[PDB]
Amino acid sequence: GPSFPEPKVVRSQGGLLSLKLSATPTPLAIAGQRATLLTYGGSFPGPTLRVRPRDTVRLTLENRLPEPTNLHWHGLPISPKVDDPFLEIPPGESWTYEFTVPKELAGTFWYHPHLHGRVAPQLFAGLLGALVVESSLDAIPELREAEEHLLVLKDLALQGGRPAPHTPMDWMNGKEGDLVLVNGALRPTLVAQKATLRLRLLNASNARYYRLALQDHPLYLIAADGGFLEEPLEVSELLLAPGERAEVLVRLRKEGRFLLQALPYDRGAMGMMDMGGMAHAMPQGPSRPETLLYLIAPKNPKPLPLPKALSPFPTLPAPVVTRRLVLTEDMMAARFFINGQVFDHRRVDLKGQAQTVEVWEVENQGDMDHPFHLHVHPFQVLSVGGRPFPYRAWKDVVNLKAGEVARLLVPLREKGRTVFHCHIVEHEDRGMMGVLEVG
């Protein structure tokens, strides 16, 4: 096969992507060992769905797991009557998701389970895949002539040939694994054929962060979670929290081998110690550095010029309300809260008006990083930690370090009941989620 493993692609045909996918325990070869994972479509990651605006998607999910499950179309601004976070598909049963891809949309999105209380073990076990919305912008020469790849960043731990079970500490921190994989492969080699690469990046891990840096190179950010930036942004490194996506251009500077690494990053995970009167919580500190892949540049690389512009960001109406959502923790109980409450599916927490804009101020009063996700309604991050964001683009996850306030501009789109929650999925399962009703 190709030196660089990527999930198989399923494309819409004549404007329709019609597909049956099973969620099933699947024996496979992974990082060199045989293991049984939970997969969609018999692979890890699941197949990449590639569509265009205005396509119809008709996806029939057959539940072949011993527990109920469902799908969240992460990042898609569609109706919460389709992307229904409350729906349960019992074992053995099927459900068909049908929706039209919005006209003004582009980027890398993904699908995974969202049945409250069961997300973390199901996601950790291998249930996820990417969805790419192709754009007319992809035809500009600066992108068309680039070599494009998807990088699904997901870690795993195995025990007795199966995903390792969650411990109590995993429920508190969010579970990380020792196998730090790209597209389900252990440190693959990407032998580039072109001097410019276009990489779509997805953090599909439960809890692991990726402080991305390519040796000797900057990255040029061209898209965030839910759409293009207005113009490329040069960065030295790029942190992707759980649930986030980004697209970058890489302009290979000279021949050679360059490591793409996940540099050390401290997200505030905790351990326990006993020093003589102790048993108390103590910071785990920064993650150990990981090599994600080996990037081999071609002979005499001459990268394309960068695009001068990408997509203009919409001019939003003035907002009609300001919300404050405060995140807190009870680490030893592994309980997590928004405005002092845990999720209750029967309780509506916020009620807003469709087609108005709101300002959401999300404050992390905990000590751990928490990546805040809102379904259905992509947002523009104005500032985090009091620092203005250096670009305009649609996002649907925003990372908050301890103490930080994020200020978001949130246009409300589809009517109905949906959710917002931490995307360290253990924290969501353990209560850090609330309900928004849009009418």
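Quick note: we count residues from 1 along the sequence shown, nothing fancier. For the two forms, the rigid core is made up of the largest set of C-alpha atoms that agree within 1.5 Å on superposition.
- Put simply, when the other structures in 8 other deposited structures of this protein are lined up on the rigid core, the C-alpha atoms of 277-285 lie farther off than those of the other stretch, from 68-76 and 277-285.
- RMS Cα deviation from the shown model in 8 other deposited structures of this protein, rigid core fit, is larger for 267-275 than for the other stretch of the pair 267-275 / 312-320.
- For the pair 215-223 and 272-280, the mean B factor over Cα atoms is greater in 272-280.
- Between 120-128 and 318-326, it is 318-326 that carries the larger average Cα temperature factor according to the deposited entry.
- The maximum CA B-factor among the listed residues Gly340, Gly285, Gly174, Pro113, taken from the PDB record, is found at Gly340.
- Ranking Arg208, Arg198, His72, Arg347 by Cα temperature factor from the entry places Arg347 first.
- Per the deposited record, the Cα B-factor of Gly352 falls in the middle third when ranked against the other modelled residues of its chain.
- The PDB entry assigns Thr108 a C-alpha temperature factor belonging to the lowest third of its chain's modelled residues.
- Sort the chain's modelled residues by C-alpha temperature factor and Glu231 lands in the highest third, per the entry.
- When all modelled residues of the chain are sorted by CA temperature factor, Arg267 is found within the lowest third.
- In this PDB entry, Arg417 carries a Cα temperature factor that places it within the middle third of its chain's modelled residues.
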